[PDB]
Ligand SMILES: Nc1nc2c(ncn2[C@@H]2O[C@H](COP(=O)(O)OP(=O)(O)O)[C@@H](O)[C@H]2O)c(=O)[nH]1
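Below sits a lone chain in structure tokens, taken as the form deposited without this ligand.
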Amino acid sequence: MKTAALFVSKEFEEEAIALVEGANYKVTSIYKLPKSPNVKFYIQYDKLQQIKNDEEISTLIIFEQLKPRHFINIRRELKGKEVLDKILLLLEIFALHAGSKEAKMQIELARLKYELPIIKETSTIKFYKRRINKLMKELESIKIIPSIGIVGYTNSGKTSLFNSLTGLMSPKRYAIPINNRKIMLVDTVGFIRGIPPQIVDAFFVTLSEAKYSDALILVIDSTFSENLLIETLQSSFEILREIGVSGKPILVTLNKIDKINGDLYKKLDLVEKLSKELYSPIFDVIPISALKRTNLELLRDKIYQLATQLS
């Protein structure tokens, strides 16, 4: 699968890793951001030469926003190989999770707009503007078996939960048998922290596809402190309300419970009380560990029972 070299601060590293893997890349090396960025290449020239020539690295990913002159100079050196900055990386995540025409158009619109400052730093300008104006036109004119979508913040364990259920394309939709029922599991885009303003519409439109699913599984990191757990739940439900999720059963899975080292039953009871205060109908609230495979038979049985309720 595609291999990336990732440059990222330690502060963002864990989050960036989980973003790069949501864009279908394996992170094969990781470096801090440069202390004093190179004026032409951002990263150091010798590192750039190594990545240019390394057949096991398909892609350079820089978790920052690059200036145009950096794109121009990096893309030349890489001769073919792709560079993504933080904007282009999140637009890649969206492209891999979007199945609707409107989201595909917003993603392509955002990519085109991002390329304009690069071209201007390099006829081609007018060509891009005509495509951007056509998409904006059409967007404005759009304006006027059970499927279970998995939602939740980045790094809550959504891919691990999907993979666990499926035993494992884009968008990711995969049917599984449970007892005598066939259920469509759907990899919805995560709630992303810190979305750059340029891509907020592409994000929301892609995420709004979650309303196509008959029910949702909301995945919550149990290792979070009580106050952070509360905040994560309050934002998760605030986002779902605002994108127009209404009346869908939601199964909340409190995940990574192997890593708590703490009071699981108090977390679970907090989550369950707050979730039902914030939303109806909550199908249920269960603790699991998708990595350690704890309570996976419960998670299976609850998905079957939801699938039966829906049918």
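Counting begins at 1, following the sequence as shown.
There is another form of the same protein, the form solved in complex with this ligand; it is not shown, and what comes next is about it.
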Exercise. Among 23, 16, 303, 290, which has at least one heavy atom within 4.5 Å of this ligand in the bound PDB entry?
Worked result: 290
For this session: Heavy atom within 4.5 Å of this ligand in the bound PDB entry: which of 232, 147, 155, 73 fits that? Just give me the one.
Result: 155
For this session: Report whether the minimum heavy atom distance between residue 160 and this ligand in the bound PDB entry is within 4.5 Å.
Result: yes
Exercise. Is the gap between residue 253 and this ligand in the bound PDB entry 4.5 Å or less for some heavy atom pair?
Worked result: no
For this session: Tell me, yes or no, whether residue 258 is in contact with this ligand in the bound PDB entry, where a contact means a heavy atom of each within 4.5 Å.
Result: yes
For this session: From the candidate stretches 147-155, 133-141, 202-210, 78-86, select the single one in contact with this ligand in the bound PDB entry, where contact means a heavy atom within 4.5 Å.
Result: 147-155
